[PDB]
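Order of the sequence lines sets the chain letters (A, B, ...), proteins ahead of strands, with each chain counted from 1. All values below were derived from every heavy atom in this structure, side-chain atoms included, with hydrogens, water molecules and symmetry-related copies excluded.
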Amino acid sequence: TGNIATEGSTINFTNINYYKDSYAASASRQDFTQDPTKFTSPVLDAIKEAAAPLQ
Amino acid sequence: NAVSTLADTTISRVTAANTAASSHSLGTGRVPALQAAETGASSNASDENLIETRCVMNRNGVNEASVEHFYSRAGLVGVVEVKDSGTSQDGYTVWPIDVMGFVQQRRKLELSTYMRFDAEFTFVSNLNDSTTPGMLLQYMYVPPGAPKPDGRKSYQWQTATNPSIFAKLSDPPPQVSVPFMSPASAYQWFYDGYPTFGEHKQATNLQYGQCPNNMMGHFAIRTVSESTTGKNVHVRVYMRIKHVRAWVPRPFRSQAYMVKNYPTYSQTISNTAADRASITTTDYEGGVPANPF
Amino acid sequence: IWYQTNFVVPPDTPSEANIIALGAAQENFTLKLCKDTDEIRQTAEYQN
Amino acid sequence: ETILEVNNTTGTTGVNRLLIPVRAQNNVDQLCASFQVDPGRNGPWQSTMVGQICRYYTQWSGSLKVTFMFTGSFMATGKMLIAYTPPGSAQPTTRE
Amino acid sequence: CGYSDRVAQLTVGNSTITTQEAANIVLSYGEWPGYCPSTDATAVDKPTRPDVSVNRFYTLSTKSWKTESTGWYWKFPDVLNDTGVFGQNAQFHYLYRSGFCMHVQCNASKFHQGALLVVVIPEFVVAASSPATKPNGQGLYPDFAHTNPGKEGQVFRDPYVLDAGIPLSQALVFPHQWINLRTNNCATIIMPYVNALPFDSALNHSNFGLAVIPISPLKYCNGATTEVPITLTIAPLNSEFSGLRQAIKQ
Amino acid sequence: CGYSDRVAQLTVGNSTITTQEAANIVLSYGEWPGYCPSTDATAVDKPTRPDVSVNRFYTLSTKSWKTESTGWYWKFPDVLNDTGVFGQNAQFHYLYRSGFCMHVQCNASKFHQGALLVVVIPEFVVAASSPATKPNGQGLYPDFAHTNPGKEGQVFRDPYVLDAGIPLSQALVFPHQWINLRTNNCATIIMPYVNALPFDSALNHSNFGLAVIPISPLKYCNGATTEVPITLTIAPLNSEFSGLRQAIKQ
Amino acid sequence: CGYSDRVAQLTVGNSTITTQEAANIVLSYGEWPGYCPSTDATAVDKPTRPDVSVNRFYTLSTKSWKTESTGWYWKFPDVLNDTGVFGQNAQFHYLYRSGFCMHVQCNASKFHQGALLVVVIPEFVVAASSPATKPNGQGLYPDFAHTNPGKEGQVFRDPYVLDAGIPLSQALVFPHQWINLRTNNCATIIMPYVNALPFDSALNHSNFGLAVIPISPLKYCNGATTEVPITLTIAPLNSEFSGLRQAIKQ
Ligand SMILES: CCCCCCCCCCCCCCCCCC(=O)O
Ligand SMILES: CCCCCCCCCCCCCC(=O)O
């Protein structure tokens, strides 16, 4: 499950820091987070899909 | 051990949200289509409730729309000209470190209000004829309040504590990692206020919007020489943000920028959307209708 | 956008109004292949 | 959800470009407005956050979402057919 | 329930706001205002929390909405920096932090129409438009009146670019709410303290801009009441002041 | 619940009809449309079920309601026999069967008034009125235009006798619903396939007549919008075509 | 058995093809036509499957084979894009997918001789031969008639290079079958949906080219029937249309 576009995994000698400072390390892009609600649904009363929103 | 750790380092595929099969819904009471934009929330309605959908097990990858991926790409942030010919025979230049100089990088970074990142800086240096001779150059980072050099050979280039980089134009471009350097907990492209107390009654309100939490000193660049080389050197500085966290998204700038550190726009307002003849005009020929029904 | 029926108002009510369209993307929306945008332009490589 | 600039016409200026005008019609089945729904294309989608983020990428996929908020008086009533035509065809000339 | 109730009551301190057409309340970034935690706190001075004295609804500015009105904006806490005990605490102390509860009240009859977008823009850096003629026009830097309008607020000159060179269409990215005279008559935005620093000077720095822009213009038939006011009411929440000294006004 | 909700959403195929004044939905004879069972099926050809292609809301006819308008009628499936993929399936095949979801949309302001009876009459045999003068007037047999109006529908000449010699007062025996501009603005009649035969020719035989008759005339005061349209939207349900051959139009 | 039977019957929908000289049936790439699986499906619209209506043998084109005939080709689904319910479904919908069952019928007496290679070429890009004289001859791009012949098919001008600059000798790499008037009189090629995309426009894009080329010329002695026809019969299989809109013809 990579971006290789074919069957194969190989061996992964990557993401190695060679310096005593950790900010010298390669871009930290192992983790992806998708929490859209803080921007798309910030209202107090959560509205169900089915129900007409204002009553 | 740490071997298992290396195995799980390739970026894994996170897929997009799947569609579920849906049928007709002929009942009163259930109204997914009806929303209330007034509440301030985006529509919660899904494809499956508005039309009859099939089951799709979506395998499209979302890993690339990340603030890491979006910003982890080196872009031009400065061009320092080390003039050593004609009227300008200084053979050194002190360039204020700011990333708001060039549109392509500025506009990307101003998507956020606050950002905390480490950056990687690359110095592509060459002559007017794009030639890279064996010419030695000193790149010295001068943190805010470190003395700035006033001459080609001044004491400030001893660098007992200032970090400097010696490289020949001949060598592949110098690169260094820089940490998150800021008194504040994050950087801040928009500061709505003044850095000093006062009444701010100046015919030119320069001080407005200028937070020194962002101003991160200068880079002093010289040709390590005794006398005028008679050659100007161009230093393209490339910044690749990394380890990036961003807060409070903002609208992408529409108007062309005018100055470096101030959002200011020409009184000619360029419309966000390219205009067309009428509100019922679309530019698509399509095909020949079978029943003209 | 077509009129399914007409826009009907009583007397002493404005007979012209507005609709505000708000565009977004759904949960299955995905992008690919980061590239530089067309949407902003400075004059040359050496500008503010 | 961010506002589409559907009224992106020669004459219209400023905030007026963000309003689709509607009115009592003497004739049934006249076309109120029309816009293409490809975020990349120069047009009403340029004014949306989705349209501006798309132009930072080459390829896009998935369902889009248009929300229409009416801002007539409480006393105003009406019905609107909002149709989406898949790629083959031109802009429909009649409601049928 | 799964639906927002139309009728709503907002009680902070010794003030209560009742509204019968609330289109729900926006909680910005899905976070409630709270006192600075020990871990985020940098400054060792014990911070005063005046509670009810400062945490209450202040009705500061009422504006007359017209058919050609272009919009108004305020800067928080600048708008309140001289009004009530809050004002005094803000002048007497250096460091400042609070979230707020915005509430814009605009009623009209069922025979008026129009839409106001009410949006809270964090770090609203007011721009100055320079005339095409001269590259560095004197109006390249906005004067103090435009950056800090105070209680009376300031009229937008170019609301399309939100006087900041960013499209109003995309302003819906910030915590926003509409006042459709068709549906509702009030907009409530609870906003937590948003800043890179845990405490900031109330006087020098404005955490948020409060912008009310008429998107759909106000229209009505001859005979209806022409005067339709828009009122801003703001309640600071979890206010915390520190670094006591001589009172300084701006 | 024990009460019909005012607000209702009807989604068939790639079409959705939203209404905020639905006075409930009539299910004719308390039976849902369904595919012909094996036991009732007489014809051995495997029947094509195009599903979403044919089963979706078609908005065919809009009519202007006036103070003296007498009413309109359509014949199903005649009304749809030339529109969309349904039309093509109906021309290409001999045998036909489906129920339908009628939805008549008529909005007006709270200052208009009037009542439309919307009624589905199975086997609506249009009569022809013969003038008293001659016993066998040429207009004893209604011409093809009156029996099969198609998409545009036909104006009633004598809506009191529903152009069939049967009193309109007793038309409420058939599946019906009212559009009182006071209460509602839409009428939905789901109708199952009603015929003595399990499958019939879409072209030759009309299973149902769709009649919209203004009982209480449309009245309003000077200043209101005179143009008040009535729109017919029909969605075939559980459509099944069989006996494929050369496409025949009527 | 371990041998292909000479006599064979092919029944799809309401059509049956019987042949007493079938030289076996080719299943292209050893894969049967099937409906798009959930995993490969990209488009969220529910896809209509008309089954028997569209999935049946259509006899479209008959051609007269002569001693100097050079060959004919058709483009699928272009050949069927205007014939029967398939044609209508293909015009009314955007996305399209189906495999097909080809069957080329050519009988002659035991005293005629000749060989036809019948080959299905996926993505048959018709080339245009430019005369040696001019480097960019106007006939560098083949006109619409050559790329999309429709029902009537198109005569090869250079069958040796299959009008595409690729040798006919190596055309046997594609799914093919011979009609040796010595042995057989029919060629059947079942072909699954072959495309980089799960669904494509029937009108714009042609998945396969159907080429019948006489390798060994037709020869016979004076007295035999000179008129020897070659008939193309095609049955779409597991047809699936999606994205319903206004009918578009090419
Ligand atoms: C010798 C070279 C060493 C590299 C040192 C690089 C130091 C860079 C500081 C960090 C850069 C990010 C902050 C940019 C903020 C400036 C924006 C502005 O206020 O105009
Ligand atoms: C130099 C030695 C590096 C070893 C790195 C780990 C390799 C593990 C073998 C399997 C390949 C990784 C992906 C997987 O687990 O399938």
Worksheet entry | Whether over 12 other heavy atoms sit under 6.0 Å from C/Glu27 CD | no
Worksheet item: Counting only heavy atoms not in D/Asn26, do more than 12 sit closer than 6.0 Å to its CG atom?
Response: no
Worksheet entry | Taking every non-hydrogen atom, the tightest pair across D/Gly78 and C/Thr5 | C-OG1, 4.1 Å
Worksheet, complete the sentence: Looking only at heavy atoms, the pair that brings C/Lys35 and D/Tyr57 closest together is CE-O, 3.2 Å
Do any of [range] have a heavy atom less than 4.5 Å from a heavy atom of chain D, and if so, which, in residue order?
range	answer
residues 16-24 of chain C	C/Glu16, C/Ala17, C/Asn18, C/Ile19, C/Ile20, C/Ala21, C/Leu22, C/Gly23, C/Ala24
residues 37-48 of chain C	C/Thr37, C/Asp38, C/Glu39
residues 7-14 of chain C	C/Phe7, C/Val8, C/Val9, C/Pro10, C/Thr13

Identify which part of [X] has an atom lying under 4.5 Å from any heavy atom of chain C, answering side chain, backbone, both or neither.
X	answer
D/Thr94	backbone
D/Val28	neither
D/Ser73	side chain
D/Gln46	side chain
D/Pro92	both

Practice prompt. Answer with yes or no whether the side chains of D/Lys79 and C/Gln4 bring together a donor and an acceptor at under 3.5 Å.
Written response: no
Go through [options] and name the one with the most non-hydrogen pairs under 4.5 angstrom from chain C.
options	value
D/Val22, D/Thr48, D/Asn7, D/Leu18	D/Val22
D/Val50, D/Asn42, D/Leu81, D/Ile53	D/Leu81
D/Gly72, D/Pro21, D/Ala24	D/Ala24

Discussion item. Run C/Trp2 and D/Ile82 through side-chain contact (heavy atoms from CB on, under 4.5 Å) and show every step you take.
Written reply: CA-CA 6 Å; C/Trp2 301 89; D/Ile82 295 98; over 6 Å; no
Worksheet item: To the nearest 0.5 Å, how far apart are CD in D/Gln30 and CG in C/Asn6?
Response: 11.0 Å
Discussion item. Applying side-chain contact (heavy atoms from CB on, under 4.5 Å) to C/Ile1 and D/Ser34, what does each step give before you reach the verdict?
Written reply: CA-CA 6 Å; C/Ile1 300 150; D/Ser34 164; over 6 Å; no
Worksheet item: For the side chain of C/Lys32 and the backbone of D/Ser61, is there at least one donor-acceptor N/O pair under 3.5 Å apart?
Response: no
Worksheet entry | Residues forming a salt bridge (charged side-chain N to carboxylate O under 4.0 Å, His left out) with C/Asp36, sequence neighbours excluded | none
